[PDB]
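Cβ coordinates were reconstructed from backbone atoms using ideal geometry, including for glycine residues, and neighbour counts include every protein chain displayed. Every read-out reported here was derived from the displayed coordinates using simple, explicitly stated rules and does not represent laboratory data.
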4 protein chains.
Amino acid sequence: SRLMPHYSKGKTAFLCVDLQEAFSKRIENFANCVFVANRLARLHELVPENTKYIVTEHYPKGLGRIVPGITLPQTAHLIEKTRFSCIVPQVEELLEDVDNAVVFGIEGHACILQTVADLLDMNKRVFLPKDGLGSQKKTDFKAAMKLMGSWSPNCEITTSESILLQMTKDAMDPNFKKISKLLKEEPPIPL
Amino acid sequence: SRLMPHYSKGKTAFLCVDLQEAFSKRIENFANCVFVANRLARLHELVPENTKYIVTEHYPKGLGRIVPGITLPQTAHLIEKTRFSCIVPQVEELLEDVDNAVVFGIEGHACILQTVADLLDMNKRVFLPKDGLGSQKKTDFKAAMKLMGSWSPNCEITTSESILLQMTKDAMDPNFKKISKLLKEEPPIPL
Amino acid sequence: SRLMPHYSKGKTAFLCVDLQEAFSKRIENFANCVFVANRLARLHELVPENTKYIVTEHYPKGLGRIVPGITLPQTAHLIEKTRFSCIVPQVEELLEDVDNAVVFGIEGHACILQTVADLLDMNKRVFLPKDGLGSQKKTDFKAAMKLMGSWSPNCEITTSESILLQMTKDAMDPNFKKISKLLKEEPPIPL
Amino acid sequence: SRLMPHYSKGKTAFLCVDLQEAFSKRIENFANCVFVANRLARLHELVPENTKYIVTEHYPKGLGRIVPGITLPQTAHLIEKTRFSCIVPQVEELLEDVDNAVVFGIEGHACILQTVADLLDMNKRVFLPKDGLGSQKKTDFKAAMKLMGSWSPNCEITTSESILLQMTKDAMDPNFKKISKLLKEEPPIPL
């Protein structure tokens, strides 16, 4: 077990974390975090039998609401929390049958970091697209990414493009036709 | 055990190392090491039951005295040593009940490096904020940080901001109100 | 076992992956991937008893054909596949007696990544020359290389020059005279 | 065992590798490799009871002779070889009582890389000062250093300054007075 298994094997759960209004202008690559969030949302719709979409909101009333730029799937499980780690009672039971987790959002050193560490304690295989991850400061971000990259072999940091291709082992995959449509989309900020 | 536990669990000891006058102008990010030193000092005051503040002075009389820019807590244990590693008889017994250590200061390749290696031999969980760490030369510093980043799983290098948030798992924490005051402070050199 | 053994010990198989026309202008260091491909091709000819040369073609008819800039050996095993990972039934049986693999080509995050992960599952010792590896985007590439560099001790990422020297432990090697001819060649893009 | 022990414990052997005339103008940081070579040479003289100095010459007659800029100690063991790895019968028996090795020279991806890998097979603790290491190309060098940095816990890459301070745990060391003289010297190329 070194890469994401084919989408048919086990269950994967996507996790859009704290992509809220208050952070939109305070992060540089926020737009690329929104792009990846949509990329995974459309992917989720293509294979909804094996995938789940979870959206987290941190202290909503006080400077926080999921950015309208992201069109969430109709089967999206949106919860609201005050704990920095996105592991709350509500999502804990939602991952009782899920073997994999795609955590993407903000902040790399804060919410993301404590979420993935908790997910690693639950024996879950976490896969993080650097593509859709950010922070307000570069030093705070860098130090967090270098750390999670040493949490192998159950934690891996790649890109949104690679992740999609990992789940579809073959190009003659029945769903590839629909998946390849997503890879052609151009992210706001060049990669 | 992959991140700092909540401040209520066990004992943590902050370690301000060799932030003296002789180094003030010889280091580029010395001011940011002073900022973090103050950040951890105020944090220590907020939860003094589970935290300890230790300040080290290396060969004081000969070019050395803790910089007046840092306002030390009243419960600070300041000791003076000649050994590069900040593990001397005086601090060895002071860590008989402490499970965690936040080492921050100067120099990354010298005093810091030999301190954390000794702390790892004592089974202690060391957490280092790159935020408040420096060196006179970049190459000396870089080579030291890449090394300590391979001393997992008991050694972790993040930032001052992340570290504070690790100790406070929830934003509805009784102390968060007082802790969040520190995160709003702006470091002299942009991160 | 920490580096490539002398070419006489065991069997090594070179793997030129998906270096096709459609990618020629979409990658920056494509020319250096072609250079290394030729470097390994001539090397293969010098010691053909212990080495094998394998070329992969991904969906040929639809934008794909091995670039004419690469002169393949006469003993080259060229196969065509639709699976992103270059592990297909045809090459699986071709590696029944091979202990080492030199994987070089494109893309670092896509085909390469899933190929080396599968090769690691087969207990094979993979050695990757960063020299002859690329991607359309830097972020996609970087994130892939940082990952495979944590797949030790059976996966190693060096350069084409180092790899050749690893196989020839001594400069008084009977074949060194012919091998040293290859190292003198200048890659299109400076290293 | 995470850092260099005090010079009194066990035996350490310095290794100046292939710092010859033919490479002087083909490497950028060759002068800094010469500086470190002299730094370790003077250090060797200060504690000659526990240290050994070994100089390697690769194919001398044909473009090779130790650079006159380096003043070798009178107790230096200079040998000549044709094997890229600096492990030849002559030095193999010279390390029968030595527990540590400081390998510094050129090339990072070639001679150095194969030397340290062989030294790791001999159970020796290798410590490499990035300070005194180089290559003709940056990509060849970088890929080699990232690799050896994953060969822990018996291989460590720091700087010449840190290494000297590791061996002298205390500043009140009987020899510190003589050692501190070396740290004050300015390397040709700024670090």
Pick out the one residue from A:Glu96, A:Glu80, A:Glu107, A:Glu92 that is acidic (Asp, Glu) and under 27 Å from A:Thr139 (Cβ atoms). A:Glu107
Among (1) in contact with a strand residue (DSSP E or B) (Cβ under 7 Å, 6 or more places away or on another chain); (2) under 19 Å from D:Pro187 (Cα atoms), D:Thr56 falls short only on (2)
Consider D:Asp118 against the criteria (1) surrounded by 15 or more Cβ atoms within 10 Å (Cβ to Cβ); (2) within 14 Å of chain C (Cβ to nearest Cβ); (3) in contact with a strand residue (DSSP E or B) (Cβ under 9 Å, 6 or more places away or on another chain); (4) of a type outside the set (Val, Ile, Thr): it satisfies all of them except one. Which criterion is unmet? (3)
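For D:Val103, state whether it is away from chain C (no Cβ under 14 Å), within 15 Å of the chain's Cα centre (by Cα) and not in a strand (DSSP E or B).
no
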Which one of the conditions (1) farther than 20 Å from A:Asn50 by Cα; (2) buried (at least 22 other Cβ atoms within 10 Å of the Cβ); (3) not basic (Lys, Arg) does A:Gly149 fail to meet, given that it meets all the rest? (2)
Of the residues that make up the stretch A:168-175, is at least one in contact (Cβ under 8 Å) with a residue 12 or more places away in the chain and of a type in the set (A, V, I, L, M, F, W, C)? no
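Do we find a residue being surrounded by fewer than 18 Cβ atoms within 10 Å (Cβ to Cβ) and either touching a helix residue (DSSP H, G or I) at 6+ places or on another chain (Cβ under 6 Å) or not β-branched (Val, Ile, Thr) (or both) anywhere in the stretch B:99-113?
Taking the stretch B:99-113 as the starting set, the residues that turn out to be surrounded by fewer than 18 Cβ atoms within 10 Å (Cβ to Cβ) are B:99.
Now narrow it down to the ones that are either touching a helix residue (DSSP H, G or I) at 6+ places or on another chain (Cβ under 6 Å) or not β-branched (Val, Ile, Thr) (or both): B:99.
Yes, the stretch B:99-113 has at least one match.
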Could you look through the stretch C:160-185, keep only residues that are of a type in the set (D, E, K, R) and within 11 Å of chain D (Cβ to nearest Cβ), and pick out the one that is surrounded by the most Cβ atoms within 10 Å (Cβ to Cβ)? C:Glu161
Which members of the stretch D:133-170 meet the condition of being under 21 Å from D:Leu40 (Cβ atoms), of a type in the set (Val, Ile, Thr) and part of a helix (DSSP H, G or I)? D:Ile163
Conditions first: (1) buried (at least 18 other Cβ atoms within 10 Å of the Cβ); (2) acidic (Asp, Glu); (3) within 14 Å of chain D (Cβ to nearest Cβ). C:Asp140 passes all but one, so which condition is the exception? (3)
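Given the options A:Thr75, A:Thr51, name the one that is of a type in the set (S, T, N, Q), touching a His at 6+ places or on another chain (Cβ under 9 Å) and either in contact (Cβ under 8 Å) with a residue 40 or more places away in the chain or crowded, with 22+ Cβ neighbours inside 10 Å (or both).
On the way: A:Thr75 fails: either in contact (Cβ under 8 Å) with a residue 40 or more places away in the chain or crowded, with 22+ Cβ neighbours inside 10 Å (or both).
Sole residue among the options that is of a type in the set (S, T, N, Q), touching a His at 6+ places or on another chain (Cβ under 9 Å) and either in contact (Cβ under 8 Å) with a residue 40 or more places away in the chain or crowded, with 22+ Cβ neighbours inside 10 Å (or both): A:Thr51.
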Within the stretch D:80-91, can one find any residue that is assigned to a helix (DSSP H, G or I), of a type in the set (S, T, N, Q) and surrounded by fewer than 20 Cβ atoms within 10 Å (Cβ to Cβ)? yes
Would you confirm whether or not the stretch D:116-130 contains a residue that is without any contact (Cβ under 8 Å) to a residue 24 or more places away in the chain, out of contact with any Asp or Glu (no Cβ under 7 Å at 6 or more places or on another chain) and under 21 Å from C:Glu161 (Cβ atoms)? no
I need a count of the residues in the stretch D:27-51 that are outside any helix (DSSP H, G or I) and in contact with a helix residue (DSSP H, G or I) (Cβ under 7 Å, 6 or more places away or on another chain). 1
For the stretch B:73-91 the number of residues that are in contact with a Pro (Cβ under 8 Å, 6 or more places away or on another chain) and within 14 Å of another protein chain (Cβ to nearest Cβ) is 1
Considering residues of the stretch B:8-26 that are in a loop (DSSP other than H, G, I, E, B) and out of contact with any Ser or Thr (no Cβ under 7 Å at 6 or more places or on another chain) only, the residue nearest to the other protein chains (Cβ to nearest Cβ): B:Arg26
Before we move on, is B:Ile70 away from chain A (no Cβ under 14 Å), touching a residue at least 60 places away in the same chain (Cβ under 8 Å) and farther than 19 Å from B:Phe127 by Cβ? no
Out of (1) closer than 29 Å to C:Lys142 by Cβ; (2) of a type in the set (D, E, K, R); (3) in contact (Cβ under 8 Å) with a residue 40 or more places away in the chain, the one C:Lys11 does not meet is (1)
By residue number, the members of the stretch A:125-137 that are crowded, with 23+ Cβ neighbours inside 10 Å and more than 25 Å from A:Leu183 (Cβ to Cβ) are A:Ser135
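Can you tell me which residue among A:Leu63, A:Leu94 is surrounded by fewer than 22 Cβ atoms within 10 Å (Cβ to Cβ) and touching a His at 6+ places or on another chain (Cβ under 9 Å)?
A:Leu94
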Limited to the stretch D:39-48, what total is found for residues that are surrounded by fewer than 18 Cβ atoms within 10 Å (Cβ to Cβ) and free of Cβ contacts under 8 Å to residues at least 40 places away in the same chain? 2
List the number of the failed condition for A:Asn123; all other conditions in (1) within 30 Å of B:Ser150 (Cβ to Cβ); (2) part of a strand (DSSP E or B); (3) out of contact with any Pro (no Cβ under 9 Å at 6 or more places or on another chain); (4) not hydroxyl-bearing (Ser, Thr, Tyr) hold. (2)
Kindly provide the set of residues from the stretch B:31-59 that are aromatic (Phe, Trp, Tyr) and farther than 17 Å from B:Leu72 by Cβ, ordered by number. B:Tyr59
